[PDB]
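Before any questions on binding or motion, here is one chain by itself as structure tokens, the form deposited in one PDB entry.
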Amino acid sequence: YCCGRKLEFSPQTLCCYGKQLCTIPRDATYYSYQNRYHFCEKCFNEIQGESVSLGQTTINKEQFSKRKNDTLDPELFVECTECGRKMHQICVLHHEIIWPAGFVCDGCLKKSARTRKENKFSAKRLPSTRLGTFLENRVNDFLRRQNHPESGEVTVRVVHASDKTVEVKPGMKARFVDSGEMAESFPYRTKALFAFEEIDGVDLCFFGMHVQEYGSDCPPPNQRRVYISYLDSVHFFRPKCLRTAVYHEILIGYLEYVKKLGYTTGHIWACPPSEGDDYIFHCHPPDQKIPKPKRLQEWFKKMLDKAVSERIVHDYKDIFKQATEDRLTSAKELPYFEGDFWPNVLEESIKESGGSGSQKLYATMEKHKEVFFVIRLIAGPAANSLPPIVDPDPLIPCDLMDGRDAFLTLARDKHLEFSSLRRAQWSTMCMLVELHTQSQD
């Protein structure tokens, strides 16, 4: 081999199909049918009977194969078209679409005074936006002030933007929508953006984020609000000593930008994802740990405190204090975001109380206050006389980046891990190719 290392891809984590939020981890015993419907051992033996509803066809348990999630797929090699030398495709970052003529190794390149043809499928050449330019300018200006020899050029690209609506769930709908007290749905625009760092002339995707933006056309209570759906990272930014600062620069810049457009309030649900290796990026580095809730909360506070000192954020409060200042009385006054905690808990509260949308509201808000940040961007008289929000950036149709599920599925299907610098660089290269090609159609 090339680098003298025997390399294989790790067994991934699978869903178990007989419980929402159930997964089959690596090396665990499980049952599968047609390599499509997998069941963890516990969920399988708990099914009363030997019949399993799937899809809705009923399948017998003897048709299932008993397996352990221990399959190690070896890494692929590519062969130099001149040396015959076999090298890991990931080590040399050879992509057939980028260099269709074939793989020529570095040694054969030097022995002809030759360089690889320019990678036109780069992060920088992804279409720009006013938002992405604003963010990457902030990050790169910050990095240049640090004068650290290891920092590379950072690219920020918005890769998806589409119109969506969040639907009020049945319990809140029956309580408040059917009475005409609350809009049935709330229109918003979702945006997905990613940050890339050039390391040794090679792109590395190290940050990703999806947001929901509710414009001046949105009925209350969601008007002029932005909400972070999810944020994720791969911890290989160089230098490490500027990693946290760069994340904060992106988030503060996003808040600064939406404030300029006229959004008044930002919302953050500071809740770590469940333990696992996939959130936005597939197969995180094993030594990158998910922060515990208190540390994640302090991390967001540190970011927002800097935003306050920069006069970008006027102030921020937890949901409980914010409700108290706003003199809230009913759950219909709480902003209603897609996939957020509050729509789910309000369904429970109405059911538990026998049909009230106010009973446990303040107690529930106090119980979870430290997890929910309400960020005031525009305050005072200015927040009441604002012009309509007009976004100069166009819609970006990209089904791979409409939500986080599609990109995870592509990475799983093509072994695109972010578990090491070399694999993350390869997964970044493949991800950029997909983004450049899907758009060309």
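We call the rigid core whatever largest set of C-alpha positions still superposes within 1.5 Å between the two forms. One rule holds for the numbers: they count along the sequence shown, beginning at 1.
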Give yes or no for this: do at least a third of the other compared entries, each modelling residues before and after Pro397, lack coordinates for it?
no
As a check of understanding, is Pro381 unmodelled in at least a third of the other compared entries that model its flanking residues?
no
Our gap detector needs a label for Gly55 to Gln56. Which class matches the unmodelled residues of the deposited sequence there: none, 1 to 3, 4 to 9, or 10 or more?
4 to 9
Quick one: say whether 66 to 74 or 396 to 404 has the higher mean Cα B-factor in the deposited entry.
66 to 74
Which of 318 to 326 and 115 to 123 has higher mean CA B factor, as the PDB entry lists it:
115 to 123
Out of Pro343, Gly201, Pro170, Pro272, whose C-alpha atom has the biggest B factor in the entry?
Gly201
Between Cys241, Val246, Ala101, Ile90, let me know which has the highest C-alpha B-factor in the entry?
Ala101
Chain-wide C-alpha B factor ranking for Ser233, given as lowest, middle or highest third:
lowest
Among the modelled residues of its chain, does the C-alpha B-factor of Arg295 lie in the lowest, middle or highest third?
lowest
Is the Cα B-factor recorded for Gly84 in the lowest, middle or highest third of its chain?
highest
Tell me, lowest, middle or highest third: where does the Cα B factor of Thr265 rank within its chain?
lowest
Based on the deposited C-alpha B factors for this chain, I'd like to know if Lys110 is in the lowest, middle or highest third.
highest
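Just so it is clear, the following notes concern the form deposited in another entry, a form of the same protein that is not shown.
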With the rigid core superposed, which of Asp405, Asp70, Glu46, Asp399 has its C-alpha shift by 2 Å or more between the shown form and the other one?
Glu46
